[PDB]
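Just one chain is shown here, as structure tokens, and it is the form deposited in one PDB entry.
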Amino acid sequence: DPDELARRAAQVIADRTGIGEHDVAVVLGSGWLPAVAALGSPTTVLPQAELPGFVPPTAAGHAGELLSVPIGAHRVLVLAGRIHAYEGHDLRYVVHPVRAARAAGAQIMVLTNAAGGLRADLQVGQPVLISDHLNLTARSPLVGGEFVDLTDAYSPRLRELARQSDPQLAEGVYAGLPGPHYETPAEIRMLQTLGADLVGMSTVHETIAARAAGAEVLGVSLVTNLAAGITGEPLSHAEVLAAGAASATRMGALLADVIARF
């Protein structure tokens, strides 16, 4: 039961961190791992394998960590190593950290990702608030009659707060596609016609899970590349990571500043 394992994850967190309430959570996207040191000093580092429900039962492999990091007046659960739908596991594992985090008291999820830039003004290394998404996975992490209203899925308030920290932060619609392949240029023209400014392979489920769980969502894309076909520059995951690395100190400091304003 996802809610059960989430509650049980949250007991482990509170137990092992000594912290009954982590007020905020962050999921670090592709390339955002080096941003951790910029976020602050982890006080607890929890192997995700030690937390109920974080690891898909099968396809074994050394999952990442959940950090408890004091950021301003918040204990923040920071997810380092996430599961993506394209790994082929149930979405419950994709969104488990949001649910676990919510069970541990997280009222804000900061959902970060690497994204391809579609909108003309967006440039590589530029962080972009997600104002909205297009879930183009044909999936939901919610599994029977759980309506969730997705109006303001990406809290305008958290965005204003984000902008108080960085007033020039652009915002954009993010299209979540399954991946793990990147888009054809024709897909990218499609996405633009669909109203996407950003394209990625995560986030949408986590946002939906977050909202269903009663949490607010700040989405932040790091534009790591302009989306396929826009310039002709070939996309690569190693370019996405390297872009995230080159931008990671700034991204961490951005998040720390923004999260402290929450």
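Residue indices: 1-based, along the sequence shown. Only residues modelled in both forms are compared. Take the two forms, find the largest set of C-alpha atoms that superpose within 1.5 Å, and that set is the rigid core.
> Per the record, averaged over C-alpha atoms, which has the higher B-factor: 58-66 or 219-227?
Mean CA B-factor is higher for 58-66.
> Comparing 27-35 with 191-199, where is the mean C-alpha B-factor higher?
Per the PDB record, 27-35.
> Out of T151, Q168, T137, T112, which residue has the highest Cα temperature factor in the PDB record?
If I rank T151, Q168, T137, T112 by C-alpha B-factor, first place goes to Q168.
> From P178, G145, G72, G105, which pick has the Cα B-factor that tops the rest in the entry?
Highest C-alpha B-factor among the listed residues goes to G145.
> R159: which third of its chain by C-alpha temperature factor?
Answer is middle: the recorded C-alpha B-factor places it there.
> Among the modelled residues of this chain, does the Cα B factor of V204 put it in the lowest, middle or highest third?
For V204, the deposited C-alpha B-factor lands in the lowest third.
> Please place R99 in the lowest, middle or highest third of its chain according to the CA B-factor in the PDB entry.
Ranked within chain, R99 CA B lands in the lowest tercile.
> For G214, does the deposited CA B-factor place it in the lowest, middle or highest third of the chain?
As the PDB entry reports it, the C-alpha B-factor of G214 lands in the lowest third of its chain.
> Tell me, lowest, middle or highest third: where does the Cα B factor of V78 rank within its chain?
Ranked within chain, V78 CA B lands in the lowest tercile.
Just so you know, the form deposited in another entry exists too; it's not on screen, but the next bit is about it.
> Superposing on the rigid core, which residue among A228, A213, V36, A63 shifts its Cα by at least 2 Å between this form and the one not shown?
Meeting the 2 Å or more criterion is only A63.
> With a shift of at least 3 angstroms, figure out whether the C-alpha spacing between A60 and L142 grows or shrinks in the other entry: closer or farther?
Here the pair is closer than in the other entry; there, farther apart.
> What direction does the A6-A63 Cα distance move in the other entry compared with the shown chain, closer or farther, given a change of 3 Å or more?
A6 and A63 sit farther apart in the other entry.
> What moves between this form and the one not shown once the core is lined up, counting runs of 3 or more consecutive residues with C-alpha shifts of 2 angstroms or more?
Run 56-63 stands out as the only one displaced between this form and the one not shown - at least 3 residues long.
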